[PDB]
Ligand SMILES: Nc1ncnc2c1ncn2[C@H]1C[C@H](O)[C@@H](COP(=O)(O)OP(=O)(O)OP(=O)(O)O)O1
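First comes one chain, alone, set out as structure tokens in the form solved without the ligand.
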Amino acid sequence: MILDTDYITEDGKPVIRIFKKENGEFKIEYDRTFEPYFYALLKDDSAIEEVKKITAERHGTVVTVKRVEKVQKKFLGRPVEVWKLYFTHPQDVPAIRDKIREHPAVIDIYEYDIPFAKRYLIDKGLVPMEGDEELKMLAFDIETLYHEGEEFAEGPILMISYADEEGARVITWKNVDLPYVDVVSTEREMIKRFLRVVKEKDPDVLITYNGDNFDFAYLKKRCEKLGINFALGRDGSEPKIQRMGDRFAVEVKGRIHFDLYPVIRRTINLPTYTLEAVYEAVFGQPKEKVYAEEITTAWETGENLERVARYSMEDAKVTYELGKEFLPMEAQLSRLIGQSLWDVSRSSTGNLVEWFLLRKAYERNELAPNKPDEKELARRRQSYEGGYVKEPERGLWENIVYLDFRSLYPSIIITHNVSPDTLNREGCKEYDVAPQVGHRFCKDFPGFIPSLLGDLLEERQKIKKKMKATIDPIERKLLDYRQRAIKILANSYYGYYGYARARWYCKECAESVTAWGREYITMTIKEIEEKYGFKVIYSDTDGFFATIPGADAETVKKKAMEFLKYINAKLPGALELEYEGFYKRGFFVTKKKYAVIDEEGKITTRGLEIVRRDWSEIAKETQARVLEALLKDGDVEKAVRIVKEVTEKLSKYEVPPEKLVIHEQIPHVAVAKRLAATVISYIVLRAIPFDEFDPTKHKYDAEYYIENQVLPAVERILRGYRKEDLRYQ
């Protein structure tokens, strides 16, 4: 199983190393036959002479052109003749390309910006993360001593916690008493044990949360100041800090630094991405947070380091639990894209797709276009973003059904064969024109992207076959993450077409894909109604909620299957409309903002909440009352009446005192001035409601919640009166 690739320079020549883990232990392969290279477009094969004599200087030394050979390729299908220029060292390229482009005899240069190591993989058909071999993993976190102001890494590292499959343990240099805490001597001896532990268990992956930006960089300083070789590397090297975009990424040769942060951020949408947040989000558990200010004072005074260890202990357990839930999916995406997991885990859907095509392009002797130069990159970003969707039919509905298209966009691409290599391709005898936009797409021959998309799905098929043909809980899971990956890559193509940085950029393609989509939605939507007596209530790209005004809950279903079959046979190539589910009721308010109820409770649709990143003010209860009052009970006025009985109750001081406390974490400062000289609850009257300011002996709430906390919450859902229609003085 290949883990990664990279290279060493021996006598000026580049040496590629294939960090792989065969059944058993670590192993490093070496290939010193691979030469760097890139293409050139010439105006005349005569100029090849003046070119091969072009040179640049690197490290005071001269960089010449090694060997050249004219090759046959395809640029977007059309045949093309280019020259392949080989060089001795990889770094030679980034230094000679620009001088070769300047040449007037040279029209252009291609494939000159692909990491030598990355290139090795593609050219040599190798594939990272294959087989069923297991990887040893170990997650770790760092707890330091912060003091605002002082330069970074100023203070020493307090502990080195680490999870691993065996059990989370903590490495502290001061003293604490816990069956899982090992005290040492100084801050130095701590970092030495970790290294000895890491070097001992010798893991394949190292899991960290934001380790690319903090953890590792910290250990760096703390190692120089204390003079200590951080030989974390499998070969004895130190973490190499690569610079990506405007951030950093830490590597550990021979190992796989899996920093979750970039990944978690790309997989979930949350207001804050703290470990505590993420954890609960993914497992539904609490997860407590011990703040820096607390760790310090707790360390200096030595007062209860029991928490700083417990905390760090969890931080590792969390990072590991989390890490094991996300590394699988990742390895498959890595395996599918044919690139390192470390790379993949840090790339965007776009770059995944981008890497995918670079591989199949090679395999297809298809020369690859270049990236946009600043001017162009900067242009494609000025593009206009405008999505269509029919406004949701207000009011409550019964016997609602939802129908989505199976992989709409992808299906479209493959059908019509939308591809930058078939866009306006003259010479074909048959085309397909995208609505409104009209871009013509040749059908005479399968287009690059399409051809590929079809295979991705053609294999998506095989993947599911074995899915049942297998009774091994494991094999099915592996296969599962596989099919999931293929799905992703596929649902990435469309966006990629419009990705500013995309080599195979194609706004025309994008536009067309979206247009067709709309034509198919509107097209199907019209049919379902004027042929089967339905009523599309809420619509959205790729799917819609329909139903039959006053119809039999079961009859609709039986009638919702006839239709499908009908438009399905009336639909083109891969376009296939499916059935999603059945809901008894549900009302809609503005696109994406709705809610419905299946046949067994469940707020199901609840996308419309909108809060204050907490429990608001115990006036959330009212929100649920209303929803169920609407979706479940199916009663209109009952919903408005509740609030009318709520705002007519809180004012007359009939609402409990506890159901009005705003336990929020860091207005709040208006009362955050008394506790003095991150989780304090209060009762707007604006006092501290602990065991004081609330005895019922002589208390008084406030109206800052009736018409400012409950109304703003119900208002939206209530649709269709005014706050005044609910306040009723």
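The numbering used is simple: start at 1 and walk along the sequence shown.
Not pictured, yet referred to below: the form deposited with the ligand bound.
K.L.:
Can you check 403-411, 303-311, 287-295, 229-237 and let me know which stretch has heavy atoms within 4.5 Å of the ligand in the deposited complex?
P.N.:
One stretch meets the cut-off, namely 403-411.
K.L.:
In the deposited complex, is there a heavy atom of the ligand that lies within 4.5 Å of any heavy atom of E628, even though the partner is absent here?
P.N.:
Contact with the ligand, no.
K.L.:
Given that the ligand is not shown alongside this chain, does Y494 nevertheless sit within 4.5 Å of it in the deposited complex, heavy atom to heavy atom?
P.N.:
Flag for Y494 set to yes.
K.L.:
Indicate whether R460 is a 4.5 Å heavy atom neighbour of the ligand in the deposited complex.
P.N.:
Although the ligand is absent here, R460 would touch it in the deposited complex, with heavy atoms inside 4.5 Å.
K.L.:
Just checking whether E189 would be counted as a contact of the ligand in the deposited complex - the rule being heavy atoms within 4.5 angstroms.
P.N.:
Outside the cut-off, so no.
K.L.:
Just to confirm, with a 4.5 Å cut-off on non-hydrogen atoms, which of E398, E648, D542, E366 contacts the ligand in the deposited complex?
P.N.:
Of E398, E648, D542, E366, the residue with a heavy atom within 4.5 Å of the ligand in the deposited complex is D542.
K.L.:
Tell me, which of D123, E580, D472, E280 has a heavy atom within 4.5 angstroms of the ligand in the deposited complex?
P.N.:
Partner contact (heavy atom, 4.5 Å) among the options: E580.
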